[PDB]
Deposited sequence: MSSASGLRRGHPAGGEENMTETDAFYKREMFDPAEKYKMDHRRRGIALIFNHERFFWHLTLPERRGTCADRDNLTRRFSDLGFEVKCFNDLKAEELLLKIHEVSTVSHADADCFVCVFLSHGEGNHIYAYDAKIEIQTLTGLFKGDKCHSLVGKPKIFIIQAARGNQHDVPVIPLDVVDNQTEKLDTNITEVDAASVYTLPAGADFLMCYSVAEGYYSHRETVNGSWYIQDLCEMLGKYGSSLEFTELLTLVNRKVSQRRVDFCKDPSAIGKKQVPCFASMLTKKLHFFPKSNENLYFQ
């Protein structure tokens, strides 16, 4: 009875929650530069995930304590009537660490809260982490950062999506926002509601990798290409088809 075109069950009452931790400025003593244009990324994401049925919850420049509280809160609430869970980090990072305002947090400890045992209402549901994070360098300019965050996998039914891979560079425009996020959001607009999600992330790889870096205004920025990637532990096709809401309570 085995089906090679098996899809994730996406006919629950509500889509689910999409967390966005949005980090613009950092504690003085971390010496990490401003991320001017992250707020465009946050707004763009907030719109595209809204249009796909997500309850979007944005958080700006949380300290480590505040951030762990808010995520663990979400991890221990019930997602029984939800299709999936999405968690976005827009910040700096190093290795297996994302930066809150004041200190680094081990990514595995954030993903671990949503692993089958610890969050039962999400077992066998897709759990999607999108990570725009690289290393701080130390009107619309393009600022460029060296890939620093490891392209980590997680557990069954996770999809880890990374702006940039080892040996490549993450770009952010100070008004329009991150290359990766612009292209993710553009692909969500056009094909979010129809395409399989990894089919879509593959378009984002193309879009981003095709952005030319030969005739940059800054000479140093030349030849600093950006290739994103995703690490999939998904077990089925993932679609975000419009939800049948006609005469239904979805709040």
task: List in ascending order the stretches of the deposited sequence, numbered from 1, that lack C-alpha coordinates.
output: 1 to 29, 168 to 186
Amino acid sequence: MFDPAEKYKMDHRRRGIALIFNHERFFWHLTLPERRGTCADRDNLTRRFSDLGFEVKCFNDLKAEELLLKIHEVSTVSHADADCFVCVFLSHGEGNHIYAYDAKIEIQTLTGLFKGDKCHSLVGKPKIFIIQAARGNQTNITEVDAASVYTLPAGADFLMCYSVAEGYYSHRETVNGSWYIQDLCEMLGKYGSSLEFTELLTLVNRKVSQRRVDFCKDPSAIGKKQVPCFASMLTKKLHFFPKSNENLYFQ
From here on, numbers count along this sequence of modelled residues.
query: If we scan the other compared entries, does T111 go without coordinates in at least a third?
result: no
- prompt: Would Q138 be found without coordinates in at least a third of the other compared entries?
  reply: yes
- line: Mean B factor on CA atoms, stretches 215 to 223 and 183 to 191, record says higher is 215 to 223
- prompt: Where do the C-alpha atoms have the higher mean temperature factor in this entry, in 79 to 87 or in 139 to 147?
  reply: 139 to 147
query: Sorting the chain's CA B-factors, does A154 end up in the lowest, middle or highest third?
result: middle
task: Going by the recorded CA B-factors, say which third of the chain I128 sits in, lowest, middle or highest.
output: lowest
- prompt: What third of its chain, lowest, middle or highest, does the C-alpha temperature factor of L122 fall into?
  reply: lowest
task: For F49, return the chain-relative third of its C-alpha B-factor as stated in the PDB record: lowest, middle or highest.
output: middle
field: Ranked C-alpha temperature factor of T111 among modelled chain residues, by third
entry: lowest
